[PDB]
Protein chains: 2
Amino acid sequence: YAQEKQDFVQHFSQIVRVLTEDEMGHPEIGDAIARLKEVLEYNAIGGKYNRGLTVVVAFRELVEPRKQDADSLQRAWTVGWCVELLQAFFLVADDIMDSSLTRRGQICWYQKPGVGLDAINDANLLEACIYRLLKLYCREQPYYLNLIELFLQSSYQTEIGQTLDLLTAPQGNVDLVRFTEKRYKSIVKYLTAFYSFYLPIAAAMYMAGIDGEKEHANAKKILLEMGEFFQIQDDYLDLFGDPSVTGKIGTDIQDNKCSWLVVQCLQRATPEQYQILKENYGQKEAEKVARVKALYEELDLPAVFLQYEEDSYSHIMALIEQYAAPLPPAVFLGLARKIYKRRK
Amino acid sequence: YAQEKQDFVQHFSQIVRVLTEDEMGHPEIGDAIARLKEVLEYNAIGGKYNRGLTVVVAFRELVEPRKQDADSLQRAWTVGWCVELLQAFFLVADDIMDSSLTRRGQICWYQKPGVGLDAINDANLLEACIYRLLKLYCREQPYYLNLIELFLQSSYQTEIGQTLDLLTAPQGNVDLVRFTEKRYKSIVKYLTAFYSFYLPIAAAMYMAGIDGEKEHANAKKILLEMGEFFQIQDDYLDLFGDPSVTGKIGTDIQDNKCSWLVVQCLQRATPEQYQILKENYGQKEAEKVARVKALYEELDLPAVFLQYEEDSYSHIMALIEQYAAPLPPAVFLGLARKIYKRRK
Ligand SMILES: O=P(O)(O)C(O)(Cc1cccnc1)P(=O)(O)O
Ligand SMILES: O=P(O)(O)C(O)(Cc1cccnc1)P(=O)(O)O
Ligand SMILES: C=C(C)CCOP(=O)(O)OP(=O)(O)O
Ligand SMILES: C=C(C)CCOP(=O)(O)OP(=O)(O)O
Ligand SMILES: [Mg+2]
Ligand SMILES: [Mg+2]
Ligand SMILES: [Mg+2]
Ligand SMILES: [Mg+2]
Ligand SMILES: [Mg+2]
Ligand SMILES: [Mg+2]
């Protein structure tokens with residue numbers, strides 16, 4: 001797996017080179033292009049590259065090796081990097097809105113001295129780079145428009161998910177009544193499940209020439225369920241994770257977020273425990289945040305998570321057995337293995 | 001002209017209706033859709049609608065009236081509203097980054113209590129709505145991909161212009177040496193000239209089936225020059241404009257912006273006057289901002305602007321005479337008339 005990763009990261013230098021080549025033809029925007037490189041180098045590198053690697057691995061498993069030529073394989077890891085750019089755009093913006101401190105083992109881009117809210121445009125430039133690369137490498141391809149629409153839809157989906165997340169998590173207002181299982185499943189479906197799990201497999205499918213409605217609908221049933229689990233896992237790691245491993249500091253309690261943990265807490269809270277949560281949740285005070293963590297540990301939520309993860313993996317495996325065909329089960333199995341029991 | 005405007009604004013209620021119809025099929029995202037309507041109602045309404053109206057007026061002048069059917073005309077004002085959505089996205093984001101107080105006669109969306117930096121996602125949703133409308137009304141059209149790429153390119157262009165603007169205007173740092181005419185022309189070309197003047201005429205050209213490289217290149221020569229003047233006019237109105245008319249408070253001096261006014265000031269400043277500008281520019285202090293305004297008025301920059309506007313209009317008119325053909329000169333003349341001597 002570490003060999004798959006290294007080949008993918010080795011292509012980033014050319015991705016930057018092609019995206020910052022504009023300085024030759026237009027020396028006037030030289031500084032802007034130099035800032036884009038700085039934004040690319042900081043915000044697209046450091047992660048696990050699960051989405052980008054999924055595009056590359058799913059492409060090799062869906063396309064016949066006699067068809068996988070040098071150009072065809074370059075297009076596959078360029079689209080992989082396009083998904084990594086979509087990730088970069090989403091995270092730079094989300095770290096501002098969530099008032100987060102760290103990302104991928106370093107300070108958040110907006111928290112850097114000399115950046116600040118300029119990071120909003122930087123996030124937008126990262127998004128702009130997807131369509132630049134799609135045009136430079138896939139314009140003459142039959143799946144060109146299908147990939148453009150798939151990335152556009154992925155953006156709208158996450159942004160609607162982001163609207164739901166932000167409306168359920170108001171700063172200064174107690175929203176315990178909206179923290180339900182039905183609300184949670186609606187948020188994470190749009191917010192994470194589509195771009196993190198459906199988008200990479202669907203992009204590799206369109207590139208393989210699998211554009212069928214039924215085929216895409218079947219992959220979606222598995223992948224949207226995989227995405228729900230991945231977000232539940234991220235919600236657990238925000239509180240019970242190790243920041244040296246995760247590369248980020250948790251803010252869900254301070255930010256009044258509709259975390260899977262608070263949904264589970266409210267399902268098992270006594271009237272007394274509900275007031276402890278009402279009085280201490282969604283506030284900046286360290287002592288208040290510590291009080292909520294103590295209640296989660298008291299309701300044995302880390303073990304509730306361990307049981308969920310076991311039942312969830314068995315459900316996703318049952319979904320692979322039901323809907324994988326005619327695609328190789330390894331397509332969905334490889335991604336499932338890379339996220340199950342994850343600590344990063 | 002006021003009759004052209006009223007018909008265009010009357011179509012906004014249907015634009016909202018089609019974009020917020022998702023609540024029927026998906027009641028789970030109801031609140032998110034309700035927030036999108038609130039974002040659309042606040043941020044896409046209030047302006048002069050020059051870009052949206054340009055798409056509609058240029059379409060009727062380029063397409064034969066026997067071909068202008070009910071569906072064909074609906075597609076024209078939908079693409080007009082798509083340009084107004086691109087404007088909304090840019091302004092919501094720019095008002096955060098510029099730390100502006102008002103927009104279109106009301107408080108900035110991000111300055112609204114309960115909104116704040118959530119406005120970043122709201123800006124992104126406005127951008128998402130362009131491609132939603134392009135898909136719902138122009139997917140079966142021969143110019144579909146051409147319009148998608150034209151809006152994508154318009155975004156990258158403005159965002160690169162925005163990178164240049166923000167890098168030349170650092171908070172806390174004296175950047176008088178970079179405030180040159182060559183730097184100014186580079187910023188506003190990418191930042192404003194492409195999306196505000198080229199994008200509306202080019203979209204109406206593609207819809208009329210005029211996709212020729214030479215035809216688009218010729219319109220670009222006129223329109224990019226028109227855009228340079230429009231930004232110069234906006235830079236003048238930031239200081240010498242009336243906020244009841246403009247609907248916005250100026251921040252260029254406080255924000256250390258490479259304004260056309262500071263470029264002209266530095267070209268006419270004595271060594272003594274240069275130090276007055278160096279000591280008082282780019283700071284929040286009201287007295288410091290007032291000192292810079294006094295120097296501009298002392299160098300007679302409002303009259304320097306009046307002479308520029310006269311020479312600029314004659315240059316753009318000469319460009320219409322050179323490059324309008326085979327397009328009707330009214331296409332470029334109508335837009336020129338709507339921005340020349342502007343106070344809004
Ligand atoms: O990495 P983070 O900040 O923990 C997160 O997962 C980031 C994110 C951004 C956009 C879409 N989905 C997740 P969040 O939702 O704020 O918990
Ligand atoms: O409306 P504003 O804020 O005066 C402006 O024109 C807004 C704007 C946003 C995006 C592109 N071009 C202009 P700016 O450049 O900040 O002076
Ligand atoms: C969808 C959510 C959970 C955001 C972060 O995802 P990752 O955990 O995949 O972050 P990176 O690997 O890209 O750094
Ligand atoms: C390109 C710049 C100068 C931003 C504002 O343009 P407008 O003056 O056209 O603003 P609205 O009419 O859309 O409100
Ligand atoms: Mg976050
Ligand atoms: Mg978030
Ligand atoms: Mg999280
Ligand atoms: Mg501004
Ligand atoms: Mg600005
Ligand atoms: Mg201005």
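Hydrogens, waters and symmetry mates are skipped; everything else that's a heavy atom, side chains included, is used. In what follows, every chain begins at residue 1, and chains take the letters A, B, ... in the order their sequences are listed.
- Between chain B and the residues A/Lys182, A/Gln153, A/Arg183, A/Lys185, the largest count of heavy-atom pairs under 4.5 Å involves A/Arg183.
- With a 6.0 Å radius and a threshold of 12 heavy atoms from other residues, nucleotides or ligands, A/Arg178 has its CZ atom at or below the threshold.
- Looking at A/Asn256, its side chain never comes within 3.5 Å of a backbone N or O of A/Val174 through a donor-acceptor pair.
- Heavy atoms of B/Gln171 lying under 4.5 Å from chain A are absent altogether.
- A donor-acceptor pair is defined here as one N or O able to donate and one able to accept, closer than 3.5 Å; such a pair exists between the side chain of B/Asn43 and the backbone of B/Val39.
- Using modelled atom types, one side-chain atom of A/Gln111 and one backbone atom of A/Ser100 make a donor-acceptor pair closer than 3.5 Å.
- Within the 3.5 Å criterion, the main-chain N or O of B/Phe151 finds no donor-acceptor partner in the side chain of B/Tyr195.
- Ranked by heavy-atom pairs under 4.5 Å with chain A, the first of B/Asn124, B/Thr158, B/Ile96 is B/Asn124.
- At a 4.5 Å heavy-atom cutoff, the contact between B/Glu149 and chain A is made by side-chain atoms alone.
- A/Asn146 places no side-chain N or O within 3.5 Å of a backbone atom of A/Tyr206 that could act as its donor or acceptor partner.
- Judged purely by atom type and a 3.5 angstrom limit, A/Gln231 has no side-chain atom pairing as donor or acceptor with the backbone of A/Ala193.
- A donor-acceptor pair under 3.5 Å is formed between the side chain of A/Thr168 and the backbone N or O of A/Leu164.
- Only the side chain of A/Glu127 comes within less than 4.5 Å of a heavy atom in chain B; its backbone stays farther off.
- Chosen from A/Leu117, A/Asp118, A/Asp122, the residue pairing most often with chain B at heavy-atom distances under 4.5 Å is A/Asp118.
- Annotation: maximal heavy-atom pairing with chain A below 4.5 Å, among B/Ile148, B/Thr163, B/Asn121, occurs at B/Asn121.
- Using a 4.5 Å cut-off between heavy atoms, A/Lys189 touches chain B through its side chain atoms alone.
- For B/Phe89, the part lying under 4.5 angstrom from a heavy atom of chain A is the side chain only.
- When heavy atoms are compared at a cutoff of 4.5 Å, B/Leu125 approaches chain A by way of both its backbone and its side chain.
- Contacts between B/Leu166 and chain A at a heavy-atom distance below 4.5 Å involve backbone atoms as well as side-chain atoms.
- Heavy-atom distances place the side chain of A/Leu152, and not its backbone, under 4.5 Å from chain B.
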